[PDB]
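One structure is given below, encoded as C-alpha cells.
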Amino acid sequence: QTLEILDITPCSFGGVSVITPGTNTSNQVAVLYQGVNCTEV
Amino acid sequence: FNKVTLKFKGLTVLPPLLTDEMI
C-alpha cells in the first residue's frame with residue numbers, strides 16, 4: 001500500500017478470576033481480567 | 001535487577017501477587 005511498516009501484538013487476552021466472599025455472606029460477584037487492560041474490556 | 005537481561009500465543013506469565021515494590 002505505502003510500505004509504512006506495522007507491528008503485530010497478540011490482541012489482549014487473559015484469564016478471569018472471580019471475587020466472591022462466600023454464598024453465606026452474600027452473592028455479589030466481581031470479575032478480574034489479568035492479561036488485558038480496561039481499555040479493551 | 002540490571003545484571004539480568006530482559007502474551008505468548010496461548011501461554012502467559014502471571015503477575016506475582018507480590019510486586020517488586022512490595023517485595
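How things are named: the first chain in the C-alpha cells is A, the next is B, and so on; residues count from 1 in each chain; ligands count from 1 in the order shown.
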Residue list for chain B near chain A as a VMD selection string, 12 Å, only C-alpha atoms: chain B and resid 7 to 17
Expected file: the selected residues, C-alpha atoms, as a compact mmCIF listing (two decimals), in the first residue's frame:
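Result written to out_30.txt:
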# COMPACT_ATOMS: atom_id res chain seq x y z
CA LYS B 7 1.38 -12.70 25.98
CA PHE B 8 2.94 -15.60 24.06
CA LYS B 9 0.31 -17.17 21.76
CA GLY B 10 -1.75 -19.00 24.39
CA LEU B 11 0.87 -19.23 27.15
CA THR B 12 1.22 -16.46 29.70
CA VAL B 13 3.22 -15.41 32.72
CA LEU B 14 1.07 -14.40 35.52
CA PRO B 15 1.89 -11.38 37.65
CA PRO B 16 3.14 -12.03 41.17
CA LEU B 17 0.81 -11.14 43.97
Residue A:29 surroundings by only C-alpha atoms, 12 Å radius, close-in-sequence under 5 positions cut, as a VMD selection string: chain A and resid 17 to 23
Got a sec to tell me which of chain A DSSP assigns to strand (DSSP E), as a PyMOL selection string? chain A and resi 16-19+30-33
Limited to C-alpha atoms, could you put the picked residues into a file as an mmCIF file, in the first residue's frame?
data_model
loop_
_atom_site.group_PDB
_atom_site.id
_atom_site.type_symbol
_atom_site.label_atom_id
_atom_site.label_comp_id
_atom_site.auth_asym_id
_atom_site.auth_seq_id
_atom_site.Cartn_x
_atom_site.Cartn_y
_atom_site.Cartn_z
ATOM 1 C CA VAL A 16 -10.590 -14.426 34.520
ATOM 2 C CA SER A 17 -10.699 -14.602 38.306
ATOM 3 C CA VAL A 18 -13.780 -14.067 40.457
ATOM 4 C CA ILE A 19 -14.052 -12.004 43.625
ATOM 5 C CA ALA A 30 -16.920 -9.323 40.825
ATOM 6 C CA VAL A 31 -14.695 -10.192 37.868
ATOM 7 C CA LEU A 32 -10.940 -9.817 37.306
ATOM 8 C CA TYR A 33 -9.220 -9.960 33.924
#
